[PDB]
>>> print(open('data.cif').read())   # mmCIF, C-alpha atoms and all ligand atoms
data_coords
#
loop_
_atom_site.label_atom_id
_atom_site.label_comp_id
_atom_site.auth_asym_id
_atom_site.auth_seq_id
_atom_site.Cartn_x
_atom_site.Cartn_y
_atom_site.Cartn_z
CA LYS A 1 263.71 -8.96 89.70
CA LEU A 2 264.52 -9.63 93.36
CA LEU A 3 263.59 -13.19 94.32
CA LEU A 4 264.23 -16.05 91.89
CA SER A 5 267.07 -17.07 89.57
CA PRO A 6 266.48 -18.72 86.18
CA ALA A 7 268.48 -21.75 87.34
CA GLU A 8 266.32 -22.14 90.47
CA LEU A 9 263.18 -21.76 88.36
CA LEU A 10 264.37 -24.43 85.92
CA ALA A 11 265.26 -26.83 88.74
CA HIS A 12 261.82 -26.32 90.33
CA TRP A 13 260.20 -26.94 86.93
CA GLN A 14 262.21 -30.12 86.34
CA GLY A 15 261.36 -31.51 89.78
CA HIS A 16 257.68 -30.95 89.01
CA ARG A 17 258.10 -32.69 85.65
CA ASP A 18 259.86 -35.66 87.28
CA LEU A 19 256.97 -36.08 89.72
CA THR A 20 254.50 -35.94 86.83
CA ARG A 21 256.58 -38.57 85.03
CA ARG A 22 256.28 -40.87 88.04
CA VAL A 23 252.52 -40.24 88.12
CA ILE A 24 252.34 -41.26 84.45
CA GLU A 25 254.38 -44.39 85.23
CA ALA A 26 252.07 -45.31 88.12
CA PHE A 27 248.98 -45.42 85.87
CA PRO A 28 247.68 -48.77 84.63
CA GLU A 29 247.56 -48.76 80.84
CA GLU A 30 243.78 -49.13 80.62
CA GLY A 31 242.78 -46.52 83.20
CA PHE A 32 245.41 -44.17 81.77
CA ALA A 33 243.38 -43.82 78.57
CA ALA A 34 239.87 -44.69 79.79
CA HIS A 35 239.26 -43.60 83.40
CA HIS A 36 237.77 -40.14 83.92
CA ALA A 37 235.34 -38.19 86.08
CA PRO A 38 232.08 -36.76 84.70
CA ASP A 39 232.71 -34.07 82.07
CA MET A 40 236.47 -34.62 82.43
CA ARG A 41 239.12 -36.22 80.24
CA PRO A 42 241.31 -39.22 81.07
CA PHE A 43 244.82 -38.48 82.26
CA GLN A 44 246.18 -39.48 78.84
CA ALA A 45 244.70 -36.31 77.34
CA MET A 46 245.85 -34.13 80.25
CA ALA A 47 249.44 -35.35 79.97
CA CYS A 48 249.35 -34.84 76.20
CA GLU A 49 248.18 -31.27 76.89
CA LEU A 50 251.11 -30.70 79.27
CA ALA A 51 253.66 -32.07 76.80
CA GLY A 52 252.23 -29.91 74.02
CA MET A 53 252.55 -26.86 76.26
CA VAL A 54 256.21 -27.72 76.85
CA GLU A 55 256.65 -27.94 73.07
CA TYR A 56 255.00 -24.52 72.75
CA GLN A 57 257.35 -22.95 75.30
CA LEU A 58 260.44 -24.56 73.75
CA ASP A 59 259.35 -23.19 70.37
CA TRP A 60 258.93 -19.76 71.97
CA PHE A 61 262.47 -19.87 73.38
CA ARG A 62 263.91 -21.12 70.07
CA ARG A 63 262.20 -18.76 67.59
CA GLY A 64 261.95 -15.77 69.95
CA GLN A 65 258.16 -15.51 69.55
CA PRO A 66 255.28 -17.77 70.62
CA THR A 67 253.04 -19.39 68.00
CA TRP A 68 249.44 -19.67 69.18
CA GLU A 69 246.12 -40.08 67.88
CA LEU A 70 246.73 -39.76 71.62
CA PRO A 71 250.01 -41.38 72.72
CA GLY A 72 250.03 -44.41 74.96
CA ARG A 73 251.91 -44.48 78.25
CA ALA A 74 255.25 -45.63 76.81
CA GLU A 75 255.29 -43.25 73.84
CA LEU A 76 254.22 -40.39 76.10
CA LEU A 77 257.04 -41.20 78.53
CA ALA A 78 259.58 -41.17 75.70
CA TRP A 79 258.18 -37.81 74.53
CA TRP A 80 258.37 -36.58 78.14
CA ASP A 81 262.04 -37.56 78.43
CA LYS A 82 262.87 -35.86 75.13
CA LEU A 83 261.19 -32.69 76.39
CA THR A 84 263.10 -32.99 79.68
CA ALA A 85 266.45 -33.19 77.89
CA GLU A 86 265.58 -30.27 75.61
CA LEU A 87 264.42 -28.10 78.53
CA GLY A 88 267.61 -28.87 80.45
CA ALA A 89 269.78 -28.09 77.43
CA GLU A 90 268.03 -24.97 76.10
CA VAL A 91 266.46 -23.07 79.04
CA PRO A 92 269.86 -22.27 80.64
CA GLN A 93 270.74 -20.54 77.35
CA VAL A 94 267.71 -18.26 77.68
CA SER A 95 268.80 -14.64 78.06
CA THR A 96 267.52 -13.51 81.45
CA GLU A 97 266.42 -10.29 79.74
CA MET A 98 264.21 -12.37 77.43
CA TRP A 99 262.44 -13.79 80.50
CA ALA A 100 260.77 -10.43 81.18
CA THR A 101 259.87 -9.11 77.71
CA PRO A 102 256.04 -9.21 77.55
CA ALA A 103 255.64 -10.81 74.13
CA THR A 104 252.20 -10.44 72.57
CA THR A 105 249.63 -13.26 72.70
CA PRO A 106 245.95 -13.26 71.60
CA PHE A 107 244.97 -12.72 75.24
CA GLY A 108 247.43 -9.89 75.91
CA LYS A 109 251.04 -9.29 76.96
CA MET A 110 252.97 -12.09 78.64
CA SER A 111 256.59 -12.64 79.58
CA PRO A 112 258.22 -16.05 79.24
CA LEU A 113 258.34 -15.98 83.06
CA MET A 114 254.57 -15.58 83.41
CA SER A 115 254.00 -18.25 80.74
CA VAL A 116 256.34 -20.70 82.49
CA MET A 117 254.65 -20.06 85.83
CA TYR A 118 251.28 -20.74 84.19
CA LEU A 119 252.62 -23.93 82.60
CA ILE A 120 253.87 -25.11 85.99
CA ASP A 121 250.54 -24.29 87.64
CA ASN A 122 248.59 -26.13 84.93
CA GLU A 123 250.86 -29.16 85.34
CA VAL A 124 250.37 -29.23 89.12
CA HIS A 125 246.60 -28.79 88.65
CA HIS A 126 246.17 -31.69 86.21
CA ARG A 127 248.62 -33.82 88.20
CA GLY A 128 246.46 -33.47 91.31
CA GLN A 129 243.52 -34.55 89.18
CA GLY A 130 245.64 -37.55 88.18
CA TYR A 131 246.27 -38.26 91.86
CA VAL A 132 242.51 -38.60 92.31
CA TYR A 133 242.36 -40.84 89.23
CA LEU A 134 245.13 -43.07 90.60
CA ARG A 135 243.34 -43.44 93.93
CA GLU A 136 240.13 -44.37 92.10
CA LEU A 137 242.09 -47.00 90.14
CA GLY A 138 243.47 -48.56 93.33
CA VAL A 139 246.99 -47.12 93.05
CA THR A 140 249.01 -45.24 95.65
CA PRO A 141 250.34 -42.09 93.94
CA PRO A 142 253.96 -41.02 94.43
CA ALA A 143 254.39 -38.76 97.44
CA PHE A 144 253.68 -35.13 96.60
CA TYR A 145 256.42 -33.54 98.73
CA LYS B 1 267.44 -12.68 92.39
CA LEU B 2 266.72 -11.91 88.72
CA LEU B 3 263.15 -12.82 87.81
CA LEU B 4 260.32 -12.13 90.27
CA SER B 5 259.35 -9.26 92.57
CA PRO B 6 257.73 -9.79 95.98
CA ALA B 7 254.70 -7.79 94.83
CA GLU B 8 254.26 -9.97 91.73
CA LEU B 9 254.64 -13.10 93.87
CA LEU B 10 252.01 -11.85 96.32
CA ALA B 11 249.58 -10.98 93.52
CA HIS B 12 250.05 -14.43 91.97
CA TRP B 13 249.46 -16.01 95.39
CA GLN B 14 246.30 -13.97 95.99
CA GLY B 15 244.87 -14.85 92.58
CA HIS B 16 245.40 -18.52 93.38
CA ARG B 17 243.70 -18.05 96.75
CA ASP B 18 240.73 -16.29 95.13
CA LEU B 19 240.26 -19.20 92.73
CA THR B 20 240.41 -21.64 95.65
CA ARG B 21 237.81 -19.52 97.46
CA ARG B 22 235.49 -19.83 94.47
CA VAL B 23 236.08 -23.59 94.42
CA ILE B 24 235.09 -23.72 98.11
CA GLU B 25 231.98 -21.67 97.35
CA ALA B 26 231.01 -24.01 94.49
CA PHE B 27 230.89 -27.07 96.77
CA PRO B 28 227.55 -28.33 98.06
CA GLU B 29 227.60 -28.40 101.85
CA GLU B 30 227.20 -32.18 102.12
CA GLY B 31 229.77 -33.23 99.52
CA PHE B 32 232.16 -30.60 100.90
CA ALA B 33 232.53 -32.60 104.12
CA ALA B 34 231.61 -36.12 102.94
CA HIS B 35 232.66 -36.78 99.33
CA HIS B 36 236.10 -38.30 98.79
CA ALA B 37 238.01 -40.76 96.63
CA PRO B 38 239.43 -44.03 98.03
CA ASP B 39 242.15 -43.39 100.63
CA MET B 40 241.63 -39.63 100.23
CA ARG B 41 240.08 -36.94 102.41
CA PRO B 42 237.09 -34.74 101.59
CA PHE B 43 237.85 -31.24 100.35
CA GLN B 44 236.89 -29.84 103.77
CA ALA B 45 240.06 -31.33 105.25
CA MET B 46 242.22 -30.23 102.31
CA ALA B 47 241.04 -26.62 102.56
CA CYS B 48 241.58 -26.67 106.32
CA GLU B 49 245.13 -27.88 105.61
CA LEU B 50 245.70 -24.99 103.19
CA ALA B 51 244.38 -22.40 105.65
CA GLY B 52 246.56 -23.82 108.42
CA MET B 53 249.59 -23.55 106.14
CA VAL B 54 248.75 -19.88 105.52
CA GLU B 55 248.58 -19.40 109.30
CA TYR B 56 251.99 -21.08 109.60
CA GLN B 57 253.55 -18.77 107.01
CA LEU B 58 251.98 -15.65 108.54
CA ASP B 59 253.37 -16.71 111.91
CA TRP B 60 256.79 -17.17 110.28
CA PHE B 61 256.69 -13.66 108.84
CA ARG B 62 255.49 -12.17 112.14
CA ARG B 63 257.86 -13.87 114.61
CA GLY B 64 260.82 -14.17 112.22
CA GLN B 65 261.06 -17.96 112.67
CA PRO B 66 258.77 -20.83 111.65
CA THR B 67 257.16 -23.03 114.31
CA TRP B 68 256.83 -26.64 113.18
CA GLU B 69 236.41 -29.77 114.73
CA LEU B 70 236.70 -29.20 110.99
CA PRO B 71 235.09 -25.92 109.87
CA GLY B 72 232.03 -25.90 107.66
CA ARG B 73 231.94 -24.06 104.35
CA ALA B 74 230.84 -20.69 105.76
CA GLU B 75 233.25 -20.64 108.71
CA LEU B 76 236.08 -21.76 106.43
CA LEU B 77 235.26 -18.97 103.98
CA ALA B 78 235.35 -16.39 106.78
CA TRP B 79 238.70 -17.81 107.93
CA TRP B 80 239.90 -17.66 104.30
CA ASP B 81 238.94 -13.99 103.98
CA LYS B 82 240.69 -13.14 107.26
CA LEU B 83 243.83 -14.86 105.98
CA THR B 84 243.51 -12.98 102.67
CA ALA B 85 243.36 -9.61 104.43
CA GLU B 86 246.30 -10.48 106.68
CA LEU B 87 248.42 -11.69 103.76
CA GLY B 88 247.66 -8.52 101.81
CA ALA B 89 248.49 -6.32 104.79
CA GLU B 90 251.61 -8.08 106.11
CA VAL B 91 253.47 -9.70 103.17
CA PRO B 92 254.28 -6.32 101.52
CA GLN B 93 256.05 -5.42 104.78
CA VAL B 94 258.30 -8.48 104.46
CA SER B 95 261.92 -7.42 104.03
CA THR B 96 263.00 -8.75 100.64
CA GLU B 97 266.23 -9.85 102.33
CA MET B 98 264.16 -12.02 104.69
CA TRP B 99 262.69 -13.81 101.66
CA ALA B 100 266.03 -15.52 100.95
CA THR B 101 267.38 -16.39 104.42
CA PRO B 102 267.25 -20.22 104.62
CA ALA B 103 265.69 -20.57 108.06
CA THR B 104 266.05 -24.00 109.66
CA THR B 105 263.20 -26.54 109.59
CA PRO B 106 263.18 -30.20 110.73
CA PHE B 107 263.68 -31.24 107.09
CA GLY B 108 266.52 -28.80 106.36
CA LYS B 109 267.13 -25.21 105.26
CA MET B 110 264.34 -23.27 103.60
CA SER B 111 263.80 -19.66 102.62
CA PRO B 112 260.41 -18.00 102.98
CA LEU B 113 260.44 -17.92 99.16
CA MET B 114 260.80 -21.70 98.85
CA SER B 115 258.16 -22.22 101.55
CA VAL B 116 255.71 -19.88 99.81
CA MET B 117 256.30 -21.61 96.47
CA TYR B 118 255.62 -24.96 98.16
CA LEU B 119 252.45 -23.57 99.77
CA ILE B 120 251.24 -22.35 96.38
CA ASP B 121 252.01 -25.71 94.76
CA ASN B 122 250.19 -27.61 97.51
CA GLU B 123 247.18 -25.32 97.11
CA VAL B 124 247.06 -25.85 93.33
CA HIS B 125 247.47 -29.61 93.84
CA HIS B 126 244.60 -29.99 96.31
CA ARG B 127 242.46 -27.55 94.32
CA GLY B 128 242.76 -29.74 91.23
CA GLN B 129 241.68 -32.66 93.40
CA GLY B 130 238.71 -30.50 94.42
CA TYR B 131 237.97 -29.90 90.73
CA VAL B 132 237.59 -33.66 90.34
CA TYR B 133 235.38 -33.77 93.44
CA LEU B 134 233.16 -30.99 92.06
CA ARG B 135 232.75 -32.82 88.75
CA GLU B 136 231.80 -35.99 90.63
CA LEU B 137 229.21 -33.99 92.60
CA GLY B 138 227.63 -32.64 89.41
CA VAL B 139 229.10 -29.13 89.63
CA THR B 140 230.97 -27.15 86.99
CA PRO B 141 234.15 -25.82 88.65
CA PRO B 142 235.24 -22.22 88.11
CA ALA B 143 237.47 -21.83 85.07
CA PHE B 144 241.11 -22.57 85.88
CA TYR B 145 242.69 -19.86 83.70
ZN ZN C 1 233.77 -42.52 79.25
ZN ZN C 2 237.20 -45.84 85.58
ZN ZN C 3 249.20 -19.23 88.68
ZN ZN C 4 244.03 -28.11 81.03
ZN ZN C 5 233.75 -42.23 103.52
ZN ZN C 6 230.38 -38.84 97.20
ZN ZN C 7 257.06 -27.09 93.68
ZN ZN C 8 248.22 -32.11 101.48
#
>>> encode(input="data.cif", output="structure tokens", more="lines below")
Ligand SMILES: [Zn+2]
Ligand SMILES: [Zn+2]
Ligand SMILES: [Zn+2]
Ligand SMILES: [Zn+2]
Ligand SMILES: [Zn+2]
Ligand SMILES: [Zn+2]
Ligand SMILES: [Zn+2]
Ligand SMILES: [Zn+2]
Amino acid sequence: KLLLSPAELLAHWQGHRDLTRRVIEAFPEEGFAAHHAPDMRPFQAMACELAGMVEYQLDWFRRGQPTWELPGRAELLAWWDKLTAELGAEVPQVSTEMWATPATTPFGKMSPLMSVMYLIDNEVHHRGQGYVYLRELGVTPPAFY
Amino acid sequence: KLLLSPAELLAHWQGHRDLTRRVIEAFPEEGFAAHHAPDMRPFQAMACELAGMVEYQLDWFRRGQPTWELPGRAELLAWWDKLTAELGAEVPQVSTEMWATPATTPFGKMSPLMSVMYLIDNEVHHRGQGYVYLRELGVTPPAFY
């Protein structure tokens, strides 16, 4: 504890999620579910993975302990907005002591802070992959910065 | 100030940089400098951008204020290792009060903390793009987690 506030972390997270939402919106419906690189999934599956991870983290914050068809563009965007509202309503209620308790996962110990940082990194990772997909589908991605 | 220590931030940063180093190592020499998606650069240019950003941040930490041919794989890796050593030797010396002073940039105000978080996000972004490039060159990327 010395650098970052929970509110600043949540705002950073929500900005990332808004940019990912605009990436999802920029995809054509067909390439969203079909286009992929060799031995890689289409962005539909990646975005479903990200939304499921947000569900996992929300469930962690709600219960106090983590528990260890693919949607089209429109359904996924509605799911994304629901997750956005729930993150904005529930994460501020997270006790800032809870953020640091290394709860036990099959891998090892992990705080909610470390898990949220990993979720953010995974989102940025797959969103850059989606940037490449958008370029290969003839679409200018939303500006990264 | 409530969540993250400078040492934890630096360790996170260095793990990210090690993974990017392994991505650079996994590239074939030709595709490293030549392969790219439409309206995108090859990974050579992206990695040069990342290394230049690390130079910018090191210069910020050294002077107290930010100042606002492409290398092949081997030269870039040597540059990367030099930057790694300098980050590991100089960032621990950063006054944790300095981390939060919003120094002035042409865009606006920005702490070293916000700038480092942006640098990390940009690295993860372009590294995911490099993951796609590696798959398109017939190479299994190093595991993300
Ligand atoms: Zn296919
Ligand atoms: Zn395609
Ligand atoms: Zn990370
Ligand atoms: Zn993934
Ligand atoms: Zn070309
Ligand atoms: Zn090529
Ligand atoms: Zn960011
Ligand atoms: Zn860039």
>>> calpha_fit_and_write(input="data.cif", fixed="chain A", moving="chain B", output="mmCIF file with C-alpha atoms, in the coordinates of the input")
data_model
loop_
_atom_site.group_PDB
_atom_site.id
_atom_site.type_symbol
_atom_site.label_atom_id
_atom_site.label_comp_id
_atom_site.auth_asym_id
_atom_site.auth_seq_id
_atom_site.Cartn_x
_atom_site.Cartn_y
_atom_site.Cartn_z
ATOM 1 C CA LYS B 1 263.714 -8.952 89.695
ATOM 2 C CA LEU B 2 264.519 -9.638 93.364
ATOM 3 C CA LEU B 3 263.590 -13.190 94.323
ATOM 4 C CA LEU B 4 264.229 -16.053 91.886
ATOM 5 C CA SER B 5 267.066 -17.071 89.566
ATOM 6 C CA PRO B 6 266.485 -18.724 86.180
ATOM 7 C CA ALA B 7 268.472 -21.758 87.341
ATOM 8 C CA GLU B 8 266.323 -22.146 90.469
ATOM 9 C CA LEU B 9 263.173 -21.763 88.360
ATOM 10 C CA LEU B 10 264.374 -24.430 85.925
ATOM 11 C CA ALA B 11 265.255 -26.836 88.742
ATOM 12 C CA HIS B 12 261.826 -26.321 90.324
ATOM 13 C CA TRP B 13 260.204 -26.935 86.928
ATOM 14 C CA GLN B 14 262.211 -30.118 86.341
ATOM 15 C CA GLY B 15 261.357 -31.503 89.776
ATOM 16 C CA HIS B 16 257.683 -30.952 89.010
ATOM 17 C CA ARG B 17 258.101 -32.692 85.654
ATOM 18 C CA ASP B 18 259.855 -35.659 87.287
ATOM 19 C CA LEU B 19 256.968 -36.078 89.724
ATOM 20 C CA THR B 20 254.497 -35.940 86.829
ATOM 21 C CA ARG B 21 256.575 -38.577 85.025
ATOM 22 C CA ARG B 22 256.279 -40.862 88.043
ATOM 23 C CA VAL B 23 252.525 -40.240 88.128
ATOM 24 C CA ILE B 24 252.346 -41.269 84.451
ATOM 25 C CA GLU B 25 254.379 -44.387 85.222
ATOM 26 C CA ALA B 26 252.063 -45.306 88.118
ATOM 27 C CA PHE B 27 248.977 -45.426 85.873
ATOM 28 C CA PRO B 28 247.675 -48.769 84.634
ATOM 29 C CA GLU B 29 247.564 -48.759 80.844
ATOM 30 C CA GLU B 30 243.778 -49.131 80.620
ATOM 31 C CA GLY B 31 242.778 -46.524 83.203
ATOM 32 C CA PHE B 32 245.412 -44.171 81.769
ATOM 33 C CA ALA B 33 243.379 -43.819 78.567
ATOM 34 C CA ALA B 34 239.865 -44.697 79.795
ATOM 35 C CA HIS B 35 239.254 -43.603 83.401
ATOM 36 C CA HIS B 36 237.768 -40.144 83.920
ATOM 37 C CA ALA B 37 235.348 -38.191 86.085
ATOM 38 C CA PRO B 38 232.075 -36.759 84.706
ATOM 39 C CA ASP B 39 232.708 -34.072 82.069
ATOM 40 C CA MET B 40 236.468 -34.619 82.434
ATOM 41 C CA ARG B 41 239.121 -36.215 80.242
ATOM 42 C CA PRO B 42 241.305 -39.214 81.070
ATOM 43 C CA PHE B 43 244.825 -38.470 82.263
ATOM 44 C CA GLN B 44 246.179 -39.479 78.839
ATOM 45 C CA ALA B 45 244.699 -36.313 77.341
ATOM 46 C CA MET B 46 245.849 -34.130 80.245
ATOM 47 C CA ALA B 47 249.446 -35.343 79.968
ATOM 48 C CA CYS B 48 249.359 -34.844 76.203
ATOM 49 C CA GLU B 49 248.186 -31.276 76.887
ATOM 50 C CA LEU B 50 251.107 -30.704 79.269
ATOM 51 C CA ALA B 51 253.659 -32.072 76.795
ATOM 52 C CA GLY B 52 252.226 -29.911 74.017
ATOM 53 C CA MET B 53 252.547 -26.858 76.261
ATOM 54 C CA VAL B 54 256.216 -27.722 76.850
ATOM 55 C CA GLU B 55 256.653 -27.937 73.067
ATOM 56 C CA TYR B 56 254.998 -24.517 72.748
ATOM 57 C CA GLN B 57 257.349 -22.948 75.295
ATOM 58 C CA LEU B 58 260.439 -24.561 73.749
ATOM 59 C CA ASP B 59 259.353 -23.199 70.375
ATOM 60 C CA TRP B 60 258.939 -19.757 71.973
ATOM 61 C CA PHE B 61 262.464 -19.871 73.375
ATOM 62 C CA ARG B 62 263.908 -21.119 70.072
ATOM 63 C CA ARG B 63 262.200 -18.762 67.595
ATOM 64 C CA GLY B 64 261.951 -15.774 69.956
ATOM 65 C CA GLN B 65 258.158 -15.507 69.545
ATOM 66 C CA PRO B 66 255.281 -17.762 70.621
ATOM 67 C CA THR B 67 253.038 -19.382 68.003
ATOM 68 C CA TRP B 68 249.439 -19.670 69.177
ATOM 69 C CA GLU B 69 246.124 -40.079 67.885
ATOM 70 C CA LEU B 70 246.737 -39.753 71.615
ATOM 71 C CA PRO B 71 250.016 -41.378 72.716
ATOM 72 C CA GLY B 72 250.036 -44.414 74.959
ATOM 73 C CA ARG B 73 251.911 -44.483 78.250
ATOM 74 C CA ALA B 74 255.256 -45.626 76.815
ATOM 75 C CA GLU B 75 255.293 -43.249 73.838
ATOM 76 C CA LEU B 76 254.222 -40.385 76.099
ATOM 77 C CA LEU B 77 257.032 -41.202 78.527
ATOM 78 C CA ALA B 78 259.582 -41.164 75.698
ATOM 79 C CA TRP B 79 258.177 -37.815 74.527
ATOM 80 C CA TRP B 80 258.377 -36.577 78.142
ATOM 81 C CA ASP B 81 262.042 -37.564 78.432
ATOM 82 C CA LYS B 82 262.870 -35.857 75.124
ATOM 83 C CA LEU B 83 261.190 -32.689 76.389
ATOM 84 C CA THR B 84 263.104 -32.988 79.681
ATOM 85 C CA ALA B 85 266.453 -33.186 77.886
ATOM 86 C CA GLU B 86 265.582 -30.263 75.614
ATOM 87 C CA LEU B 87 264.422 -28.102 78.523
ATOM 88 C CA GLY B 88 267.607 -28.867 80.447
ATOM 89 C CA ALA B 89 269.781 -28.088 77.434
ATOM 90 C CA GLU B 90 268.032 -24.967 76.099
ATOM 91 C CA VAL B 91 266.460 -23.062 79.036
ATOM 92 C CA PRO B 92 269.865 -22.263 80.640
ATOM 93 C CA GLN B 93 270.743 -20.536 77.351
ATOM 94 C CA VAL B 94 267.705 -18.257 77.680
ATOM 95 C CA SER B 95 268.800 -14.641 78.059
ATOM 96 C CA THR B 96 267.516 -13.514 81.451
ATOM 97 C CA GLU B 97 266.424 -10.293 79.738
ATOM 98 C CA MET B 98 264.211 -12.370 77.425
ATOM 99 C CA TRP B 99 262.443 -13.792 80.490
ATOM 100 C CA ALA B 100 260.768 -10.431 81.182
ATOM 101 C CA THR B 101 259.871 -9.111 77.708
ATOM 102 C CA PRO B 102 256.038 -9.211 77.551
ATOM 103 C CA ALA B 103 255.637 -10.806 74.132
ATOM 104 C CA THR B 104 252.193 -10.434 72.566
ATOM 105 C CA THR B 105 249.631 -13.262 72.695
ATOM 106 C CA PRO B 106 245.958 -13.264 71.596
ATOM 107 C CA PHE B 107 244.963 -12.716 75.241
ATOM 108 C CA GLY B 108 247.434 -9.889 75.913
ATOM 109 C CA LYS B 109 251.041 -9.297 76.967
ATOM 110 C CA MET B 110 252.976 -12.085 78.636
ATOM 111 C CA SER B 111 256.592 -12.644 79.582
ATOM 112 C CA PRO B 112 258.220 -16.051 79.241
ATOM 113 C CA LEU B 113 258.342 -15.981 83.060
ATOM 114 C CA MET B 114 254.569 -15.586 83.407
ATOM 115 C CA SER B 115 253.998 -18.251 80.742
ATOM 116 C CA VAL B 116 256.337 -20.701 82.483
ATOM 117 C CA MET B 117 254.649 -20.060 85.835
ATOM 118 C CA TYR B 118 251.275 -20.731 84.190
ATOM 119 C CA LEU B 119 252.621 -23.929 82.599
ATOM 120 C CA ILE B 120 253.868 -25.113 85.989
ATOM 121 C CA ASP B 121 250.533 -24.297 87.637
ATOM 122 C CA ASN B 122 248.587 -26.131 84.928
ATOM 123 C CA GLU B 123 250.857 -29.155 85.336
ATOM 124 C CA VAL B 124 250.368 -29.230 89.122
ATOM 125 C CA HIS B 125 246.606 -28.794 88.649
ATOM 126 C CA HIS B 126 246.175 -31.688 86.215
ATOM 127 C CA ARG B 127 248.619 -33.826 88.202
ATOM 128 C CA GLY B 128 246.466 -33.474 91.312
ATOM 129 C CA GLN B 129 243.513 -34.553 89.186
ATOM 130 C CA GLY B 130 245.637 -37.552 88.175
ATOM 131 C CA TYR B 131 246.272 -38.257 91.866
ATOM 132 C CA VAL B 132 242.514 -38.601 92.301
ATOM 133 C CA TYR B 133 242.351 -40.844 89.227
ATOM 134 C CA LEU B 134 245.128 -43.072 90.601
ATOM 135 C CA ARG B 135 243.331 -43.431 93.935
ATOM 136 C CA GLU B 136 240.133 -44.375 92.100
ATOM 137 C CA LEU B 137 242.090 -47.002 90.137
ATOM 138 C CA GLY B 138 243.462 -48.559 93.329
ATOM 139 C CA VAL B 139 246.981 -47.121 93.055
ATOM 140 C CA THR B 140 249.006 -45.239 95.652
ATOM 141 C CA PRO B 141 250.343 -42.088 93.943
ATOM 142 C CA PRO B 142 253.958 -41.023 94.431
ATOM 143 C CA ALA B 143 254.400 -38.763 97.442
ATOM 144 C CA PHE B 144 253.681 -35.126 96.601
ATOM 145 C CA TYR B 145 256.428 -33.545 98.733
#
>>> interface_residues(input="data.cif", of="chain B", to="chain A", cutoff="8 Å", atoms="all atoms listed in the file", output="PyMOL selection string")
chain B and resi 1-6+37-40+96+99-100+113+121+124-129+131-132+135-136+138
>>> write_last_selection(input="data.cif", atoms="C-alpha atoms", output="PDB file, in the coordinates of the input")
ATOM      1  CA  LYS B   1     267.440 -12.680  92.390  1.00  0.00           C
ATOM      2  CA  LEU B   2     266.720 -11.910  88.720  1.00  0.00           C
ATOM      3  CA  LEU B   3     263.150 -12.820  87.810  1.00  0.00           C
ATOM      4  CA  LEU B   4     260.320 -12.130  90.270  1.00  0.00           C
ATOM      5  CA  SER B   5     259.350  -9.260  92.570  1.00  0.00           C
ATOM      6  CA  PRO B   6     257.730  -9.790  95.980  1.00  0.00           C
ATOM      7  CA  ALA B  37     238.010 -40.760  96.630  1.00  0.00           C
ATOM      8  CA  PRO B  38     239.430 -44.030  98.030  1.00  0.00           C
ATOM      9  CA  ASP B  39     242.150 -43.390 100.630  1.00  0.00           C
ATOM     10  CA  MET B  40     241.630 -39.630 100.230  1.00  0.00           C
ATOM     11  CA  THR B  96     263.000  -8.750 100.640  1.00  0.00           C
ATOM     12  CA  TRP B  99     262.690 -13.810 101.660  1.00  0.00           C
ATOM     13  CA  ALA B 100     266.030 -15.520 100.950  1.00  0.00           C
ATOM     14  CA  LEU B 113     260.440 -17.920  99.160  1.00  0.00           C
ATOM     15  CA  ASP B 121     252.010 -25.710  94.760  1.00  0.00           C
ATOM     16  CA  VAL B 124     247.060 -25.850  93.330  1.00  0.00           C
ATOM     17  CA  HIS B 125     247.470 -29.610  93.840  1.00  0.00           C
ATOM     18  CA  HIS B 126     244.600 -29.990  96.310  1.00  0.00           C
ATOM     19  CA  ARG B 127     242.460 -27.550  94.320  1.00  0.00           C
ATOM     20  CA  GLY B 128     242.760 -29.740  91.230  1.00  0.00           C
ATOM     21  CA  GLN B 129     241.680 -32.660  93.400  1.00  0.00           C
ATOM     22  CA  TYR B 131     237.970 -29.900  90.730  1.00  0.00           C
ATOM     23  CA  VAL B 132     237.590 -33.660  90.340  1.00  0.00           C
ATOM     24  CA  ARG B 135     232.750 -32.820  88.750  1.00  0.00           C
ATOM     25  CA  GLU B 136     231.800 -35.990  90.630  1.00  0.00           C
ATOM     26  CA  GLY B 138     227.630 -32.640  89.410  1.00  0.00           C
TER      27      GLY B 138
END
>>> closest_residue(input="data.cif", among="A:89, A:83, A:94, A:34", to="residue 61 of chain A", atoms="only C-alpha atoms")
A:94
>>> atom_distance(input="data.cif", atom1="atom CA of residue 143 of chain A", atom2="atom CA of residue 24 of chain A")
13.4 Å
>>> atom_distance(input="data.cif", atom1="atom CA of residue 70 of chain B", atom2="atom CA of residue 11 of chain B")
28.3 Å
>>> atom_distance(input="data.cif", atom1="atom CA of residue 32 of chain B", atom2="atom CA of residue 44 of chain B")
5.6 Å
